[PDB]
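Positions are given from 1 along the sequence.
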Amino acid sequence: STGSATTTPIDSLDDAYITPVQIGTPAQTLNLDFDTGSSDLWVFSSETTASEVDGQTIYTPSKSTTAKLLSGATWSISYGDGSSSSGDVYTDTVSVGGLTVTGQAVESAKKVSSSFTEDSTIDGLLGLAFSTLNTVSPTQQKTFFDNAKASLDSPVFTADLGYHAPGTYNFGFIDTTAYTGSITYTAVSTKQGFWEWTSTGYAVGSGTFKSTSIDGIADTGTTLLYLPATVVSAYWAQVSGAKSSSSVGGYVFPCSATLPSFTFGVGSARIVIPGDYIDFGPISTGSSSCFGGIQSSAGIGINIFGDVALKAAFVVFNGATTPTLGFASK
């Protein structure tokens with residue numbers, strides 16, 4: 001089997017991407033944030049505290065003939081940005097882009113933090129990291145990909161995120177028309193439950209490539225590119241007037257600036273992030289100070305190849321017995 005779904009930026013900055021997901025019988029379609037940095041599929045629901053729902057589409061398990069309470073199971077998650085959610089669990093039929101999993105754990109939110117309430121466009125998350133990070137207790141549950149894997153033509157999914165435009169998540173096949181050149185594959189460590197890999201270095205604009213190992217995770221659920229402070233300083237030093245602002249919470253730059261590209265290494269191959277991808281606009285409406293899309297990972301504890309990096313590539317998440325990651329230009 002295979003599946004293919006379009007993923008759409010939630011706003012003009014590509015702050016996140018939403019992908020329609022069918023849950024239950026008859027289908028209830030929710031727009032979920034596909035997140036390769038977590039492993040819970042959770043949704044706004046009929047059980048969510050009413051004061052914490054503001055425009056989201058909710059899953060109502062009582063209206064699904066295939067929903068079954070997973071008795072005794074609860075979940076609770078916190079994300080790197082400080083947001084969180086928690087609740088109980090149903091199993092139900094879940095389909096993405098024509099690909100159907102029966103018995104998928106659908107984690108129903110009873111509580112969500114302010115960040116989620118305030119974002120009307122995201123109805124929940126669909127985790128695509130390794131199932132070892134799934135938070136369901138006392139019986140840990142499998143991700144949608146893990147459940148689908150054995151049925152898929154090939155045990156892979158791909159992320160093809162657009163810059164200021166829609167893109168595609170495919171399951172079970174590699175669309176050879178979706179990228180240019182060849183795909184370069186690189187080793188993955190699953191020891192922390194992430195799609196963790198090692199970049200071979202970086203370049204700033206037309207500068208010389210610096211060969212250096214950068215351990216990080218491929219994370220579709222993080223907006224920006226978070227790298228070591230040395231690397232990030234080297235980038236922003238090429239932008240006149242750029243500076244790290246503790247009050248704003250990262251590097252800002254004059255909105256009048258032209259940003260250089262940023263290149264990262266995948267084995268001997270190179271992915272170029274155009275400068276435009278690194279502009280996240282005025283820090284506040286009408287400001288001439290703009291927020292940078294490359295930020296320091298210092299104090300996160302891990303480097304994160306978020307959407308800023310991933311949308312510059314066609315990315316293969318290979319879930320074979322020994323997982324790997326593939327990157328191609330597009």
Side-chain angles (χ1 to χ4, degrees), residues 5-21 29-37 44 53-57 79-83 97 112-126 159-169 178 218-227 232 235-236 239 241-242 244-245 247-262 264 271-295 304-315 329-330:
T6 299
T7 192
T8 303
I10 62 162
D11 62 25
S12 63
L13 300 176
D14 300 344
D15 281 318
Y17 299 78
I18 46 171
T19 311
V21 177
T29 298
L30 272 69
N31 295 330
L32 306 187
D33 186 351
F34 281 25
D35 180 13
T36 61
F44 278 80
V53 183
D54 190 11
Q56 295 79 10
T57 294
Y79 296 99
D81 66 351
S83 66
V112 304
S113 66
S114 311
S115 177
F116 286 113
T117 301
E118 293 164 1
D119 187 359
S120 68
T121 70
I122 293 176
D123 300 324
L125 267 65
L126 190 149
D160 181 9
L161 302 179
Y163 169 66
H164 293 351
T168 304
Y169 282 100
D219 187 358
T220 58
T222 290
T223 312
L224 306 186
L225 173 55
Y226 294 89
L227 293 172
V232 175
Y235 178 79
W236 287 109
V239 179
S244 180
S245 168
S247 60
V248 172
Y251 281 89
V252 295
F253 67 96
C255 292
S256 63
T258 295
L259 298 175
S261 61
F262 184 90
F264 64 93
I271 298 295
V272 180
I273 305 171
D276 286 348
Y277 290 28
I278 298 160
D279 178 16
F280 277 75
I283 61 173
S284 295
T285 306
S287 180
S288 72
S289 178
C290 275
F291 197 67
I294 297 178
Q295 297 294 346
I304 305 176
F305 292 87
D307 297 336
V308 163
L310 302 181
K311 72 192 178 186
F314 178 88
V315 189
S329 300
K330 64 189 185 188

Here the pair of heavy atoms bringing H164 nearest to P9 is C-CG, 4.5 Å
Of all heavy-atom pairs between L224 and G292, which one has the smallest distance, and what is that distance? CD1-O, 3.8 Å
Can you classify the ring geometry of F305 versus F264 as parallel (below 30°), tilted (30 to 60°) or perpendicular (above 60°)? tilted
If we ignore hydrogens and angles and just use 3.5 Å, is the side chain of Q56 paired with the main-chain N or O of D54 as donor and acceptor? yes
Can you check whether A218's main-chain N or O pairs, donor with acceptor, with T36's side chain at less than 3.5 Å? yes
Of the options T220, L161, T168, which is the one that meets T7 in a side chain to side chain contact (heavy atoms under 4.5 Å, CB included)? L161
Kindly assign one of parallel, tilted or perpendicular to the pair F34 and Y169, based on the angle between their ring planes and the thresholds 30° and 60°. tilted
Nearest heavy-atom neighbours spanning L310 and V315: O-CG2, 4.0 Å
If you define the side chain from C-beta out and look only at heavy atoms, does anything of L259 sit under 4.5 Å from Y277? no
Which of these, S247, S289, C290, sits in a side chain to side chain contact (heavy atoms under 4.5 Å, CB included) with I283? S289
Given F262, which partner from the list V232, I271, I278 fulfils the side chain to side chain contact (heavy atoms under 4.5 Å, CB included) test? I278
Rounded to the nearest 0.5 Å, what separates atom CG in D119 from atom OG in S83? 10.5 Å
